[PDB]
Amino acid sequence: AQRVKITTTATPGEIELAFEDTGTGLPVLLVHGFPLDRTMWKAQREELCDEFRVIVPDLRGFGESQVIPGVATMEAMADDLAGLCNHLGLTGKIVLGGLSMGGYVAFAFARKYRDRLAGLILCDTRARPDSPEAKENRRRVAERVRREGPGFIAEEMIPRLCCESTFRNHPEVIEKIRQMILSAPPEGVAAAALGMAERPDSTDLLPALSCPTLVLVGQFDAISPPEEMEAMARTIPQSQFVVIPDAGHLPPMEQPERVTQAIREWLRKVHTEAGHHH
């Protein structure tokens, strides 16, 4: 992995991001969820790099990236991604993928940087904004995590994040997810919780998308359910909708091969060398 100071149009104008960059060719940036880090996309990075260039950052406040106290808006996170691509000389089109919060970041990027997208991958995410009770819950999580750290988040969320078959067949995956949550910087978690509370509604963005979009969901996702994601896909032009069997909310980790294959086959259709040149 690398760590670089990037220039970003969001406050505070410069930020140090940790990231992985593996493979050559057409760029695919994959954005983790909340409270996660770049390692949640490790299987896809390590496999897709035979055919694509896979870039996987720790977002501001997460993993090994700089923590920026206050509010980390979805827009700011998207600005940081644009700045990372600028740093790397990836100033043409990319495919951008995200899971859950990472999907919220992808929407923010599509609003602002639509001309930089060859495609979008939306996994286990939602277009609606937070309800009032969800906003209040973000504030409560922020307040507490700053002081107590993320253990309470792991305790609440682990039983909800993955399907029963993952617990039974892949206890090592459960433990990796637990460690990922437990390691998340307290103030980074807080700043992102507050940022999520204030994200806009992306419902009307969806029909306005101008690139192919892959919509992926675990069969047993209780958090961003398949019925909701299917309904989302029906409003996105040039969508492909894929339900990953025997996965909950974290298909990339629970069913890594199925997710890698779904992404690979879709990328072959949408992210071509001739499109990069012209």
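Residue numbers here begin at 1 and follow the sequence given.
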| property | result |
| --- | --- |
| Stretch with the higher entry mean CA B-factor, where the candidates are 250-258 and 263-271 | 263-271 |
| Stretch exceeding the other in mean C-alpha B-factor - 81-89, 155-163 | 155-163 |
| Residue selected from 124, 172, 201, 187 by maximal Cα B factor | 172 |
| Identity of residue with top Cα B-factor, from 236, 68, 242, 36 | 68 |
| Chain thirds of CA B-factor: placement of residue 143 | highest |
| Chain-wide C-alpha B factor ranking for residue 58, given as lowest, middle or highest third | lowest |
| Chain-relative CA temperature factor third for residue 75 | lowest |
| Lowest, middle or highest third - CA B-factor, residue 47 | highest |
| Entry-reported Cα temperature factor of residue 219, expressed as the chain third it lands in | lowest |
